[PDB]
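Visitor: compute the structure for the input listed below.
(chains A, B, C, D, E and F, ligands or ions: 18)
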6 protein chains.
Amino acid sequence: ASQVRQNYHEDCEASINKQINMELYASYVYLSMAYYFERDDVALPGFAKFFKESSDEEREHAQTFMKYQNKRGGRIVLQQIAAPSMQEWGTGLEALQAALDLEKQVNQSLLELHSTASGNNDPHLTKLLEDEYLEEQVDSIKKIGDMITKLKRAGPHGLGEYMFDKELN
Amino acid sequence: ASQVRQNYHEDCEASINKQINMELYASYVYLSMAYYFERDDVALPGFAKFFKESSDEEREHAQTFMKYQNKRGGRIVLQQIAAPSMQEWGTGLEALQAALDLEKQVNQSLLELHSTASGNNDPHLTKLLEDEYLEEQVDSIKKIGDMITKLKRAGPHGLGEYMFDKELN
Amino acid sequence: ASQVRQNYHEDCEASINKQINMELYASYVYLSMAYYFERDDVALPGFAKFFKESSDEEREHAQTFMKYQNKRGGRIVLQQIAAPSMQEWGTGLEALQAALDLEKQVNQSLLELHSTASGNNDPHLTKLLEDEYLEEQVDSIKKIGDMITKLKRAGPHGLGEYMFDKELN
Amino acid sequence: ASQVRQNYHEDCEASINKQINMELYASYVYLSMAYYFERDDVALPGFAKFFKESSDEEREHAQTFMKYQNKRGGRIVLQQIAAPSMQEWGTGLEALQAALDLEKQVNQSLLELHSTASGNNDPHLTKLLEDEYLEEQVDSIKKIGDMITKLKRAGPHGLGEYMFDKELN
Amino acid sequence: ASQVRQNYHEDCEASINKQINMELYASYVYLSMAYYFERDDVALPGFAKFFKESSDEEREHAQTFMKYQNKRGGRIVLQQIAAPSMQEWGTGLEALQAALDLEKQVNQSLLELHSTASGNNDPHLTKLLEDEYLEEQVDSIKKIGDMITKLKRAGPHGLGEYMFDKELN
Amino acid sequence: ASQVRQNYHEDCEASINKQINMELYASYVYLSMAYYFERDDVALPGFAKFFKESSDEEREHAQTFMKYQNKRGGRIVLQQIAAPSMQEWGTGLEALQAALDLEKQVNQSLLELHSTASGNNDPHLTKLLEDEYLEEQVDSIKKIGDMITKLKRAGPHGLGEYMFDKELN
Ligand SMILES: [Fe+3]
Ligand SMILES: [Fe+3]
Ligand SMILES: [Fe+3]
Ligand SMILES: [Fe+3]
Ligand SMILES: [Fe+3]
Ligand SMILES: [Fe+3]
Ligand code: NI
Ligand code: NI
Ligand code: NI
Ligand code: NI
Ligand code: NI
Ligand code: NI
Ligand code: NI
Ligand code: NI
Ligand code: NI
Ligand code: NI
Ligand code: NI
Ligand code: NI
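Guide: Residues are numbered from 1 along each chain as shown, chains lettered A, B, ... in the order given. Ligands and ions are numbered 1, 2, ... in the order given. For reference, the structure is listed below:
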């Protein structure tokens, strides 16, 4: 029996382990996009840098959940990380739309995890989710929505995509 | 046809893609070990920090290969990342032995990739492998060998493991 | 008999002298392009500056080979430098494509020289070629490939060429 | 018709193009001398450095004429650069005498170009020639004359050549 | 069985041990020359300092091989160090010629060791030899060749030897 | 006849030459011990560093005697340096005991040389020996005696040897 565990439901512990995998998956997707935009035949360095930083953030989200698991006396169980769904991501706009949709799926999963935590009356976990995850997700979704509108205004192809990429760099 | 590709054999391009997966796998293994050592019932912070840094290094190795692929005009193909073989890694010594064995497998794979590059007379790739990979691997293997000898001298269990962990921290 | 000469094959010495001429030729080509882009009826200062720096680099490559020749106890034999193939280089894009093709020819010549050095078991020369020439050539080819993709995105004519030129300046 | 061209005679434009080739030729001669003096069996580092700097100056003279051509709305036409007349330049004194004679030929060519510019009543070109070329040539000829006298006093062979070379370094 | 040893052939391990002895031998030779030039009846302090530094370098070369042996999991076996072939080294020129010949023998031995490493497909050892030994040897041989030419110009006896010695100091 | 030689007996000159060899021998022994402790299966970095510094000191002792020989107008005669008696030195304690015994043999040899110098009424040599050698030897013997007592208290094996090694580092 873990000496620190208190008011930590096994359903919460399992859902966190599933969420760690999702965060690692998203890290991997953004890493693929990052290097997709450094191909000699794409050469969008601003987009590359945006997705590299996003990739790093997602791995930090995974690590914060892993640390959270250990703090509550849960046990981390790591699974395989699926390959990204694409190898090639299209235009800058198509990648930002893909990222918008991923960020929303992650948000949905975090809200499901918040409801699991509430149903088990775990206010420490609901607080973690509100302060460190749900707020970041909403800011990110808004940021990516702004970027999509801006790229569609400026481009979304050709000189406009070239200009927008520099504001990202 | 990629505009930059010159003297880059498809066998070299495939072996690099396989090596990227191996590096990502090793990153994942060390990440698991890192958080294993932050469990309340393990609490070896020096070991945790050693494996966190190792995890980061392996992801950098993967990224350098991805960048290398793009520089030569190859195309990155990402696959799934297997789960680490264990969820729990035992003693500090058992983890260092596991890491020693992983580092040697990676070294073997890099030497196989060097032989593929030589057989296809690609001196740019053999040089990359010698300067950025094979040297690091030998230094790492020696470093981990030293650590194992030192932990077996000091411990490898109890107060000795507690003392050795602080030299890692 | 040169007092320093050791394990230096005359075929290697001749191929270096031919490579010095090629490097000087490329310097001259880029010098022509540089001043082509300072014509009152072209006025692409970013392109001018890119080709001026390229011209300087190529003369440095020639000088490093000349110094290398003297270090091994070979003897420098200088030939005439052909006129550039054009007097006028067209658009920024046409010049970058010409430079991409030149850089690849030079790369091919360096790889031939590496094979001559290997066949004569001269590891000092293969090392020179790998560290100081072949790596630079691959980075340059990738850089120019990126620039071409970027100019085709932004332009390649008109306002896009005007914008791209400023990122070069 | 070039939008900037005013009072610029085609004979002046052709003579400038011929003068650019001469300057590039002299650069090449001094570059050969420079590396001749870094041979293991010559080892006169002061002379090497003097001729390297001279080589650089001549390429700057060529570039100033190229820029001048573009400013007046002439068009640069580049020809082949002949090989230096020697591969080996003898003693330090023999090289300085060769350089003295080259500098005087260049001076003669510049004075011919000044007379062409005067005959066509181009005071902008006569001014360029007087301020940026003819003065430099006279100072250079005097400097090289001084050096020859000094080397003949000190040496011109043996310990004297060894001492003089250090005042050049 | 050494825990770190991987792809390290016993022939390579033996040749390294022989090379350590050669490096220590050369250190000893240069140490003898160094103090030979501090004799009251020789008093060439620049030569003394050159050979003292050379002596130190050779001991560093030996130490780098010893460290290399341990890194690969080989075992250092030290033998006796022969006495220098002379007790008295003659003129500064005779010592520089002796050093030139020693440096070339060492270079030959290193090239033999490179061929042993290649024949056993050890790219880590070939890389060590190319980056840390063969390049240094070629620069040293060229440097000593330059010095010999310079001393023969200035002297090689009497006032010229006295002047050259100060450029060494 | 050496112009500086005064009151310098040939027996003193020979004994100094023998003492130079002994000092070089001890340097070599400590160099072997130093790298013995950097083996992957020993990994006692504090001991390595202690013996590396000791090795350096002994070579300085040899050099001070060589310089002394030249100052008095004696002539340095260098002999072969025997291989160290072992290739492997055992435990840290066994090496410190070996070093204690070597330091005492050297001390005995220096005292014999002091008696030779006194018997020949050479107060300059007795002074050298007292100020620069005999005092250092006594401090070293005391230091090594202290270390042995301390290692036997702390260890001399296992965690104690691991702790003591850090006070050496
Ligand atoms: Fe996330
Ligand atoms: Fe790795
Ligand atoms: Fe080049
Ligand atoms: Fe000029
Ligand atoms: Fe050496
Ligand atoms: Fe001593
Ligand atoms: Ni973000
Ligand atoms: Ni599409
Ligand atoms: Ni590491
Ligand atoms: Ni177990
Ligand atoms: Ni470049
Ligand atoms: Ni055209
Ligand atoms: Ni000048
Ligand atoms: Ni002549
Ligand atoms: Ni040296
Ligand atoms: Ni002689
Ligand atoms: Ni000491
Ligand atoms: Ni024993």
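Visitor: residues touching the nearest residue to residue A:163 once chain neighbours are set aside, list them.
Guide: Nearest non-adjacent residue to residue A:163, counting by Cβ to Cβ, 6 or more residues apart in numbering or on different chains: residue A:154, 5.5 Å away. C-beta here means a position set from N, CA and C on the backbone, and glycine is covered the same way. Contacts were defined as Cβ atoms under 8 Å, 6 or more residues apart in numbering or on different chains; by that measure residue A:154 touches A:160-161, A:163-164.
Visitor: tell me the SS of residue A:74?
Guide: coil (DSSP: H, G, I helix; E, B strand; the rest coil).
Visitor: tell me the most packed of the contacts of residue A:154, by neighbour count.
Guide: When the contacts of residue A:154 are compared by neighbour count (other Cβ atoms under 10 Å in any protein chain shown), residue A:164 ends up highest, at 24 neighbours.
Visitor: that one falls within a strand, correct?
Guide: No - under three-state DSSP, residue A:164 sits outside any strand and is assigned helix.
Visitor: so who does it touch?
Guide: A:46, A:92, A:147, A:150-151, A:154-155.
Visitor: at 7 Å instead, please
Guide: A:150-151, A:154-155 (Cβ atoms under 7 Å, 6 or more residues apart in numbering or on different chains).
Visitor: so which of these wins on neighbours?
Guide: residue A:151 (24 neighbours).
Visitor: do a quick rundown of the helices in chain A.
Guide: Ranges of helices within chain A are A:10-36, A:45-72, A:92-119, A:123-129, A:135-154, A:159-168, based on DSSP state H.
Visitor: as TSV, those helices with distance to residue F:123 would be great.
Guide: Formatted as TSV, those follow (distance: least, Cβ to Cβ, whole Å):
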stretch	distance to residue F:123
helix A:10-36	79
helix A:45-72	74
helix A:92-119	88
helix A:123-129	83
helix A:135-154	84
helix A:159-168	83
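Visitor: okay, now the residue of chain A found nearest chain E: neighbour count?
Guide: As assessed by Cβ to the nearest Cβ, chain E sits closest to residue A:35 within chain A, at 26.8 Å. Residue A:35: 21 surrounding residues under other Cβ under 10 Å.
Visitor: and the gap between it and residue F:16?
Guide: Distance of residue A:35 to residue F:16, given as Cβ to Cβ, to the nearest Å: 69 Å.
Visitor: OK, contacts around residue A:26?
Guide: Each residue near residue A:26 by Cβ under 7 Å, 6+ apart is listed here: A:58, A:102, A:106.
Visitor: my guess is the first one meets residue A:21, correct?
Guide: Spelled out, it's residue A:58. No - applying Cβ atoms under 7 Å as the test, residue A:58 and residue A:21 come out as separate, 11.5 Å apart.
Visitor: how about the residues of chain A near chain C?
Guide: With Cβ under 7 Å from any Cβ of the partner chain as the criterion, chain A comes near chain C at residues A:40-43, A:158-159, A:161-162.
Visitor: and of the contacts of residue A:154, the nearest to residue D:139?
Guide: Set against residue D:139, the nearest of the contacts of residue A:154 by Cβ to Cβ is residue A:163 (51.3 Å).
Visitor: biggest separation within the contacts of residue A:154, which pair?
Guide: A:161 and A:163 (7.4 Å).
Visitor: give me the neighbour count for residue A:49.
Guide: 16.
Visitor: residues in contact with the closest residue to it other than its chain neighbours?
Guide: Distances taken as Cβ to Cβ, 6+ apart place residue A:169 nearest to residue A:49, at 6.0 Å, with adjacent residues excluded. Residues near residue A:169 by Cβ under 7 Å, 6+ apart: A:45-46, A:49.
Visitor: what residue in chain A comes nearest to ligand 1?
Guide: Here chain A gets closest to ligand 1 at one residue, residue A:61, 3.7 Å apart by Cβ to the ion.
Visitor: show me what contacts that residue?
Guide: By Cβ under 7 Å, 6+ apart, the neighbours of residue A:61 are residue A:23.
Visitor: what's the spacing between it and ligand 7?
Guide: 10 Å (Cβ to the ion, to the nearest Å).
Visitor: can you count the residues close to residue A:11?
Guide: Quick note: residue A:11 (other Cβ under 10 Å) scores 14 neighbours.
Visitor: wait, doesn't it sit right on residue A:119?
Guide: No - here residue A:11 lies out of contact with residue A:119, judged by Cβ under 7 Å, at a distance of 8.5 Å.
Visitor: which neighbours do the two share?
Guide: Counting by Cβ under 7 Å, 6+ apart, nothing touches both residue A:11 and residue A:119.
Visitor: just want the residue of chain A that's nearest ligand 11.
Guide: Residue of chain A nearest ligand 11, by Cβ to the ion: residue A:40 (15.6 Å).
Visitor: hmm, back to that, for the residue of chain A closest to chain E, which non-adjacent residue is spatially closest?
Guide: residue B:66 (4.7 Å).
Visitor: quick one, what contacts the one you found?
Guide: A:35, B:20, B:76.
Visitor: how many other residues sit next to the second one?
Guide: Translated: residue B:20. 23.
Visitor: again with residue A:30
Guide: Residues within reach of residue A:30, counting by other Cβ under 10 Å, total 24.
Visitor: OK, contacts around it?
Guide: With Cβ under 7 Å, 6+ apart, residue A:30 has these contacts: A:51, A:54-55, A:58.
Visitor: which of the residues you listed are buried, as a PyMOL select command?
Guide: Buried residues within those, by 16 or more other Cβ atoms under 10 Å in any protein chain shown, are selected in PyMOL with:
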select buried, chain A and resi 51+54+55+58
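Visitor: quick one on the thing from earlier: which one among the contacts of residue A:164 gets closest to residue B:98?
Guide: Distances from residue B:98 to the contacts of residue A:164, taken by Cβ to Cβ, are shortest for residue A:151, at 46.4 Å.
Visitor: from residue B:81, how far off is the closest residue to the closest one other than its chain neighbours?
Guide: Of all residues not flanking residue A:151 in the chain, residue A:164 sits nearest, at 4.9 Å (Cβ to Cβ, 6+ apart). Going from residue A:164 to residue B:81 by Cβ to Cβ gives 32 Å.
Visitor: burial count for whichever residue of chain A sits closest to chain B?
Guide: Per Cβ to the nearest Cβ, residue A:81 is where chain A lies closest to chain B, at 4.1 Å. Residues near residue A:81, counting by other Cβ under 10 Å, number 24.
Visitor: measure it to residue B:106 for me?
Guide: 18 Å.
Visitor: residue A:62 is in contact with residue A:24, correct?
Guide: Yes - counting by Cβ under 7 Å, residue A:24 touches residue A:62, with 4.9 Å between them.
Visitor: who has more neighbours out of these two?
Guide: residue A:24 (25 against 22).
Visitor: ok so, going back, tabulate the helices of chain A (a markdown table), appending distance to ligand 6.
Guide: Putting those into a markdown table (distance: least, Cβ to the ion, whole Å) gives the following:
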| stretch | distance to ligand 6 |
| --- | --- |
| helix A:10-36 | 59 |
| helix A:45-72 | 55 |
| helix A:92-119 | 70 |
| helix A:123-129 | 66 |
| helix A:135-154 | 66 |
| helix A:159-168 | 67 |
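Visitor: all good on my end, thank you.
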